[PDB]
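Form deposited in one PDB entry, single chain, as structure tokens, below.
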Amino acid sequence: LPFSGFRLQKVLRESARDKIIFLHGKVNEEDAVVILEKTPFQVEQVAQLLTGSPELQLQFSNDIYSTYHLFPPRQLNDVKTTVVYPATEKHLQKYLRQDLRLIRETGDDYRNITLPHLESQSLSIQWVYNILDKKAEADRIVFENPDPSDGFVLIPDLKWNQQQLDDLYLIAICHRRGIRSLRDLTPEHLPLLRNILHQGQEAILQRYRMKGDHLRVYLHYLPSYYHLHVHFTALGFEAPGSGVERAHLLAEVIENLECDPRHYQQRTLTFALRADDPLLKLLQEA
């Protein structure tokens, strides 16, 4: 660990459905957030285990049904662990359990209300520029188009432990700066968006043997961070923000802009916002 002596302060969030926990702890006594998530199963190793001597412990039995506790060997026990240190107050609110509300943001709303709210915020995306500038994660890059205007870096997302294809998850981060979200897209960006889609899919084919009809390829709105990026996920993975209230398919985004240059300037977008988000109030009053 990059610190010593974690002291619990608050379980920020806890999900039995996702088997994931978000903890705020004090260290070096400085705030840190530790995220722990049980990992996906490896089917061949589990099968191999079931045909041997697995450590089982019968909970109950009812004729054809029986429920056990299983304690696999060390290799099958991997827990996905993410540390954010030093953590800011942003991070402590961000990962907290809150209730979401749906909101329909018109094209006027965006430029008059949402954009000025975003522009009033001082956001950190140094991790994004570290990837682009080859300061971090240089040799994790699966593909890069180095053109400053229409180029991008395709790289595994932090969520993905990379140990199985079932939850395959890569992000494409564009080299061009100042494109914050889906709202900023015009026909100017068609060649970049097309590069991401078609070059992103070929790289994933060549690297992972995953065909394009196996990929759900989308952007988030609202995004979690404001530097345009596209998510490449296995269709069988119920991936983060893949619901219709957040995910916008790249193929569709390209075609929307081809039919109507002002699409993402003019059209109402629908998305979820946290109850304690000041943006939610500002949109509700306008």
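Definition used throughout: the rigid core is the maximal C-alpha set that superposes within 1.5 Å between two forms. Shifts are known only where both forms have a C-alpha. Residue indices: 1-based, along the sequence shown.
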item: Gap at residue 258 across at least one third of the other PDB entries; value: no
item: No coordinates for residue 238 in a third or more of the other PDB entries; value: no
item: Size class of the missing deposited segment between residue 63 and residue 64; value: none
item: Residue range whose averaged C-alpha B-factor is higher in the record, 214-222 or 42-50; value: 42-50
item: Stretch with the higher entry mean CA B-factor, where the candidates are 84-92 and 157-165; value: 84-92
item: Which of 242, 233, 57, 256 ranks first by CA B-factor in the deposited coordinates; value: 57
item: Top Cα B factor in the deposited entry, candidates 207, 189, 111, 175; value: 111
item: Assigned third (lowest, middle, highest) for the C-alpha B factor of residue 116; value: highest
item: CA B-factor placement of residue 107, once the chain's modelled residues are sorted into thirds; value: highest
item: Chain-wide C-alpha B factor ranking for residue 130, given as lowest, middle or highest third; value: lowest
item: Assigned third (lowest, middle, highest) for the C-alpha B factor of residue 184; value: middle
item: Among modelled residues of the same chain, the CA temperature factor third for residue 238; value: lowest
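As for the form deposited in another entry, it is not shown, yet the points below apply to it.
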{"query": "Which one of 77, 206, 112, 186, by Cα shift of 2 Å or more between this form and the one not shown, core superposed", "finding": "77"}
{"query": "Cα-Cα shift for residue 167 and residue 47, closer or farther in that other deposited form, minimum 3 Å", "finding": "farther"}
{"query": "Residue pair residue 184, residue 91 - Cα distance in that other deposited form, closer or farther (3 Å or more)", "finding": "farther"}
{"query": "Shared-residue segments moving between this form and the one not shown, Cα shift 2 Å or more over 3+ consecutive positions, core-fitted", "finding": "1-28, 30-97"}
